[PDB]
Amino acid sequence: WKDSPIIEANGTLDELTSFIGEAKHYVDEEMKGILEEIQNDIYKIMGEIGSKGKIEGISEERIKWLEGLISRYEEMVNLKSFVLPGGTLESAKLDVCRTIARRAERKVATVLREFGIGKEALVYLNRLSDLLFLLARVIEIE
């Protein structure tokens, strides 16, 4: 039963990358590239969690990468306080991914809590939902 945090976390991360895998077919080339890099990061996070630390996880640089994109897109979005999900068919895909990332953050927080692993992964997922939110808004603007 002690592995539940591990199994639940990876199951949710798997759901996350699979939904991102679907969403990437609804965005432009640049955004698809960003989303595939994120799938790469999730792959690394799952490796660490699934191996209970035996396999290296993500770098701190991956967190800064997200933050850089967040700063960039934040500049393009005016209204961010009162918006309902899915302004467009395409942005709806990103909002769905956004909600899964938030659920993944929670599952990973638990893993860190009981195994001390996923420290960088937790912060990465926190920022990931922020970025997915902005990407959805940008798609609606563009």
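Position 1 is the first residue in the sequence shown; the rest follow in order.
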## Note on the structure
Of 119-127 and 13-21, the stretch with the higher mean C-alpha B-factor in the deposited entry is 119-127
### Query
Got a sec? Mean C-alpha B-factor, which is higher, 44-52 or 75-83?
75-83
### Message
In terms of recorded Cα temperature factor, pick the maximum from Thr99, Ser59, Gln39, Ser91.
### Response
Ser59
### Query
According to the deposited entry, which of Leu69, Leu112, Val27, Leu35 has the largest Cα B-factor?
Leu112
### Third of the chain's Cα B-factor distribution that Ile141 belongs to, per the entry
highest
